[PDB]
Amino acid sequence: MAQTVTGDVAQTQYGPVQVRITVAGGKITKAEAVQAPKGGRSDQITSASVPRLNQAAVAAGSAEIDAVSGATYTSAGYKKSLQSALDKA
């Protein structure tokens with residue numbers, strides 16, 4: 001069974017983060033931020049951080065992933081949204 005699930009939007013101090021994943025036989029095979037902080041240096045931080053989070057979500061198969069340093073708000077919002085996705089099953 002393969003399925004795509006979108007997690008709840010996490011409000012952060014720098015704006016919304018929202019993660020979507022494909023799970024296939026349970027494991028994460030695709031990860032993306034549907035929403036991420038934008039505007040000003042938040043673009044730089046988003047650019048920096050979310051591709052790394054995405055990669056770490058696909059490698060982890062779980063929301064037990066490490067916060068990106070210097071992007072702790074975005075990372076915390078990413079994991080909450082990703083955990084939300086996993087919980088939807």
# chains A, B, ... in the order shown; residues from 1 in each chain; ligands from 1
$ residues_around --residues "residue 14 in chain A" --least-positions-apart "6" --cutoff "8 Å" --atoms "only C-alpha atoms" --output "list in words"
residues 37, 42, 73 and 74 of chain A
$ write_last_selection --atoms "N, CA and C atoms" --output "PDB file, in the first residue's frame"
ATOM      1  N   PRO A  37       8.373  29.212   5.744  1.00  0.00           N
ATOM      2  CA  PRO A  37       8.674  30.653   5.790  1.00  0.00           C
ATOM      3  C   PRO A  37       9.342  31.233   4.523  1.00  0.00           C
ATOM      4  N   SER A  42      14.228  34.698   5.844  1.00  0.00           N
ATOM      5  CA  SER A  42      13.499  33.453   5.976  1.00  0.00           C
ATOM      6  C   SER A  42      13.558  32.646   4.682  1.00  0.00           C
ATOM      7  N   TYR A  73      13.322  27.165  14.423  1.00  0.00           N
ATOM      8  CA  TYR A  73      11.884  27.410  14.330  1.00  0.00           C
ATOM      9  C   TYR A  73      11.237  26.620  13.172  1.00  0.00           C
ATOM     10  N   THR A  74      11.823  26.778  11.986  1.00  0.00           N
ATOM     11  CA  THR A  74      11.412  26.071  10.792  1.00  0.00           C
ATOM     12  C   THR A  74      11.530  24.560  10.979  1.00  0.00           C
TER      13      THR A  74
END
$ select_by_dssp --residues "chain A" --states "strand (DSSP E or B)" --output "ChimeraX atom specification"
/A:2-6,10-12,15-24,27-35
$ write_last_selection --atoms "C-alpha atoms" --output "PDB file, in the first residue's frame"
ATOM      1  CA  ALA A   2       1.333   3.431  -1.009  1.00  0.00           C
ATOM      2  CA  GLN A   3      -0.283   6.665   0.131  1.00  0.00           C
ATOM      3  CA  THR A   4       0.388  10.424   0.225  1.00  0.00           C
ATOM      4  CA  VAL A   5      -0.585  12.267   3.437  1.00  0.00           C
ATOM      5  CA  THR A   6      -0.377  15.999   4.209  1.00  0.00           C
ATOM      6  CA  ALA A  10       2.507  24.302  12.074  1.00  0.00           C
ATOM      7  CA  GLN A  11       2.537  28.031  12.960  1.00  0.00           C
ATOM      8  CA  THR A  12       6.065  29.191  13.719  1.00  0.00           C
ATOM      9  CA  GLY A  15       5.424  31.707   9.383  1.00  0.00           C
ATOM     10  CA  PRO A  16       3.666  28.447   8.473  1.00  0.00           C
ATOM     11  CA  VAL A  17       5.354  25.108   7.806  1.00  0.00           C
ATOM     12  CA  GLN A  18       3.412  22.194   6.298  1.00  0.00           C
ATOM     13  CA  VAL A  19       4.864  18.837   5.285  1.00  0.00           C
ATOM     14  CA  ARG A  20       3.590  16.225   2.838  1.00  0.00           C
ATOM     15  CA  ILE A  21       4.942  12.688   2.445  1.00  0.00           C
ATOM     16  CA  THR A  22       4.428   9.501   0.547  1.00  0.00           C
ATOM     17  CA  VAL A  23       4.631   6.358   2.660  1.00  0.00           C
ATOM     18  CA  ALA A  24       4.885   3.001   0.943  1.00  0.00           C
ATOM     19  CA  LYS A  27       8.382   3.783   4.991  1.00  0.00           C
ATOM     20  CA  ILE A  28       8.753   7.418   3.868  1.00  0.00           C
ATOM     21  CA  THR A  29       9.549   7.504   0.114  1.00  0.00           C
ATOM     22  CA  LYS A  30       8.821  11.206  -0.526  1.00  0.00           C
ATOM     23  CA  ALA A  31       8.944  14.404   1.548  1.00  0.00           C
ATOM     24  CA  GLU A  32       8.306  18.051   0.768  1.00  0.00           C
ATOM     25  CA  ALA A  33       7.292  21.245   2.511  1.00  0.00           C
ATOM     26  CA  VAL A  34       3.899  22.231   1.113  1.00  0.00           C
ATOM     27  CA  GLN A  35       4.380  25.475   3.175  1.00  0.00           C
TER      28      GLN A  35
END
$ closest_residue --among "A:58, A:36, A:51, A:26" --to "residue 77 in chain A" --atoms "only C-alpha atoms"
A:36
$ select_by_dssp --residues "chain A" --states "helix (DSSP H, G or I)" --output "VMD selection string"
chain A and resid 41 to 60 72 to 87
$ residues_around --residues "residue 80 in chain A" --least-positions-apart "4" --cutoff "8 Å" --atoms "only C-alpha atoms" --output "list in words"
residues 10, 63, 76 and 84 of chain A
$ residues_around --residues "residue 52 in chain A" --least-positions-apart "4" --cutoff "12 Å" --atoms "only C-alpha atoms" --output "ChimeraX atom specification"
/A:31-33,45-48,56-60,65-69,71,74-75,78
$ write_last_selection --atoms "N, CA and C atoms" --output "PDB file, in the first residue's frame"
ATOM      1  N   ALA A  31       9.185  13.361   0.563  1.00  0.00           N
ATOM      2  CA  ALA A  31       8.944  14.404   1.548  1.00  0.00           C
ATOM      3  C   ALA A  31       9.136  15.769   0.910  1.00  0.00           C
ATOM      4  N   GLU A  32       8.257  16.702   1.283  1.00  0.00           N
ATOM      5  CA  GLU A  32       8.306  18.051   0.768  1.00  0.00           C
ATOM      6  C   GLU A  32       7.627  18.928   1.805  1.00  0.00           C
ATOM      7  N   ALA A  33       8.021  20.198   1.818  1.00  0.00           N
ATOM      8  CA  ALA A  33       7.292  21.245   2.511  1.00  0.00           C
ATOM      9  C   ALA A  33       6.284  21.837   1.526  1.00  0.00           C
ATOM     10  N   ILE A  45      16.940  30.941   4.899  1.00  0.00           N
ATOM     11  CA  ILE A  45      16.816  29.884   5.901  1.00  0.00           C
ATOM     12  C   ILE A  45      15.974  28.702   5.381  1.00  0.00           C
ATOM     13  N   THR A  46      14.867  28.980   4.675  1.00  0.00           N
ATOM     14  CA  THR A  46      14.001  27.937   4.140  1.00  0.00           C
ATOM     15  C   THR A  46      14.784  27.099   3.126  1.00  0.00           C
ATOM     16  N   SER A  47      15.279  27.784   2.094  1.00  0.00           N
ATOM     17  CA  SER A  47      16.213  27.263   1.111  1.00  0.00           C
ATOM     18  C   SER A  47      17.288  26.400   1.785  1.00  0.00           C
ATOM     19  N   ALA A  48      17.969  26.955   2.792  1.00  0.00           N
ATOM     20  CA  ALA A  48      19.012  26.221   3.498  1.00  0.00           C
ATOM     21  C   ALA A  48      18.438  24.933   4.085  1.00  0.00           C
ATOM     22  N   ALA A  56      16.344  14.262   5.293  1.00  0.00           N
ATOM     23  CA  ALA A  56      16.462  13.555   6.564  1.00  0.00           C
ATOM     24  C   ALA A  56      15.163  12.808   6.924  1.00  0.00           C
ATOM     25  N   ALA A  57      14.010  13.318   6.474  1.00  0.00           N
ATOM     26  CA  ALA A  57      12.737  12.624   6.622  1.00  0.00           C
ATOM     27  C   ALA A  57      12.716  11.336   5.773  1.00  0.00           C
ATOM     28  N   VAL A  58      13.296  11.379   4.568  1.00  0.00           N
ATOM     29  CA  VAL A  58      13.261  10.243   3.656  1.00  0.00           C
ATOM     30  C   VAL A  58      14.270   9.212   4.160  1.00  0.00           C
ATOM     31  N   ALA A  59      15.373   9.665   4.774  1.00  0.00           N
ATOM     32  CA  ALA A  59      16.366   8.736   5.302  1.00  0.00           C
ATOM     33  C   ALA A  59      15.894   8.135   6.633  1.00  0.00           C
ATOM     34  N   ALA A  60      15.208   8.938   7.477  1.00  0.00           N
ATOM     35  CA  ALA A  60      14.786   8.537   8.818  1.00  0.00           C
ATOM     36  C   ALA A  60      13.616   7.558   8.802  1.00  0.00           C
ATOM     37  N   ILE A  65      14.210  13.282  13.615  1.00  0.00           N
ATOM     38  CA  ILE A  65      15.237  13.845  12.746  1.00  0.00           C
ATOM     39  C   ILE A  65      15.851  15.045  13.471  1.00  0.00           C
ATOM     40  N   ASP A  66      17.070  15.465  13.103  1.00  0.00           N
ATOM     41  CA  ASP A  66      17.764  16.526  13.830  1.00  0.00           C
ATOM     42  C   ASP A  66      17.334  17.902  13.298  1.00  0.00           C
ATOM     43  N   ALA A  67      17.098  18.877  14.190  1.00  0.00           N
ATOM     44  CA  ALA A  67      16.852  20.264  13.797  1.00  0.00           C
ATOM     45  C   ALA A  67      18.045  20.772  12.986  1.00  0.00           C
ATOM     46  N   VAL A  68      17.811  21.540  11.920  1.00  0.00           N
ATOM     47  CA  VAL A  68      18.889  22.232  11.224  1.00  0.00           C
ATOM     48  C   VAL A  68      19.288  23.423  12.087  1.00  0.00           C
ATOM     49  N   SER A  69      20.584  23.526  12.454  1.00  0.00           N
ATOM     50  CA  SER A  69      21.113  24.647  13.216  1.00  0.00           C
ATOM     51  C   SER A  69      20.930  25.944  12.445  1.00  0.00           C
ATOM     52  N   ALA A  71      18.066  27.290  12.018  1.00  0.00           N
ATOM     53  CA  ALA A  71      16.751  27.193  11.413  1.00  0.00           C
ATOM     54  C   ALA A  71      15.875  26.372  12.348  1.00  0.00           C
ATOM     55  N   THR A  74      11.823  26.778  11.986  1.00  0.00           N
ATOM     56  CA  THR A  74      11.412  26.071  10.792  1.00  0.00           C
ATOM     57  C   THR A  74      11.530  24.560  10.979  1.00  0.00           C
ATOM     58  N   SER A  75      12.607  24.105  11.653  1.00  0.00           N
ATOM     59  CA  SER A  75      12.833  22.682  11.886  1.00  0.00           C
ATOM     60  C   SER A  75      11.761  22.130  12.821  1.00  0.00           C
ATOM     61  N   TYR A  78       8.620  21.873  10.984  1.00  0.00           N
ATOM     62  CA  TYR A  78       8.708  20.790  10.004  1.00  0.00           C
ATOM     63  C   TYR A  78       8.424  19.452  10.678  1.00  0.00           C
TER      64      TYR A  78
END
$ decode --residues "range 21-39 of chain A" --atoms "N, CA, C and O atoms" --output "short mmCIF file (atom, residue, chain, number, x, y, z; two decimals), in the first residue's frame"
data_model
loop_
_atom_site.label_atom_id
_atom_site.label_comp_id
_atom_site.auth_asym_id
_atom_site.auth_seq_id
_atom_site.Cartn_x
_atom_site.Cartn_y
_atom_site.Cartn_z
N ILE A 21 4.13 13.87 2.61
CA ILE A 21 4.94 12.69 2.44
C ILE A 21 4.17 11.62 1.68
O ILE A 21 2.95 11.52 1.78
N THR A 22 4.93 10.79 0.98
CA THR A 22 4.43 9.50 0.55
C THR A 22 5.03 8.44 1.46
O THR A 22 6.21 8.47 1.78
N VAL A 23 4.18 7.55 1.96
CA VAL A 23 4.63 6.36 2.66
C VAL A 23 4.23 5.16 1.81
O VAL A 23 3.17 5.16 1.22
N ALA A 24 5.09 4.17 1.77
CA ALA A 24 4.88 3.00 0.94
C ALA A 24 5.41 1.80 1.73
O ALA A 24 6.54 1.84 2.22
N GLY A 25 4.55 0.79 1.92
CA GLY A 25 4.77 -0.21 2.95
C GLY A 25 5.33 0.45 4.20
O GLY A 25 6.40 0.11 4.66
N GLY A 26 4.66 1.52 4.64
CA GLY A 26 5.01 2.13 5.90
C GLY A 26 6.17 3.12 5.84
O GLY A 26 6.18 4.02 6.67
N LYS A 27 7.17 2.96 4.94
CA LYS A 27 8.38 3.78 4.99
C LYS A 27 8.20 5.11 4.23
O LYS A 27 7.50 5.18 3.23
N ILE A 28 8.90 6.17 4.62
CA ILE A 28 8.75 7.42 3.87
C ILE A 28 9.59 7.36 2.59
O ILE A 28 10.79 7.17 2.65
N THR A 29 8.92 7.53 1.43
CA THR A 29 9.55 7.50 0.11
C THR A 29 9.48 8.88 -0.56
O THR A 29 10.00 9.05 -1.65
N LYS A 30 8.82 9.87 0.05
CA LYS A 30 8.82 11.21 -0.53
C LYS A 30 8.47 12.24 0.56
O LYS A 30 7.62 11.97 1.38
N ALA A 31 9.19 13.36 0.56
CA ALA A 31 8.94 14.40 1.55
C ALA A 31 9.14 15.77 0.91
O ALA A 31 10.04 15.98 0.12
N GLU A 32 8.26 16.70 1.28
CA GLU A 32 8.31 18.05 0.77
C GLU A 32 7.63 18.93 1.81
O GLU A 32 6.83 18.43 2.59
N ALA A 33 8.02 20.20 1.82
CA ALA A 33 7.29 21.25 2.51
C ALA A 33 6.28 21.84 1.53
O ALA A 33 6.64 22.48 0.55
N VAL A 34 5.01 21.56 1.78
CA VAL A 34 3.90 22.23 1.11
C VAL A 34 3.88 23.73 1.48
O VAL A 34 3.53 24.55 0.63
N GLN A 35 4.23 24.08 2.74
CA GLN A 35 4.38 25.48 3.18
C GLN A 35 5.67 25.64 3.98
O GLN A 35 6.04 24.72 4.72
N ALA A 36 6.32 26.83 3.83
CA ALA A 36 7.56 27.17 4.54
C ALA A 36 7.71 28.68 4.69
O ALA A 36 7.25 29.44 3.84
N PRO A 37 8.37 29.21 5.74
CA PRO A 37 8.67 30.65 5.79
C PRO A 37 9.34 31.23 4.52
O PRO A 37 10.22 30.62 3.89
N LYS A 38 8.86 32.43 4.15
CA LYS A 38 9.25 33.18 2.97
C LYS A 38 9.42 34.66 3.34
O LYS A 38 8.94 35.11 4.38
N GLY A 39 10.08 35.41 2.46
CA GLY A 39 10.28 36.84 2.63
C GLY A 39 11.47 37.12 3.53
O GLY A 39 11.64 36.45 4.56
#
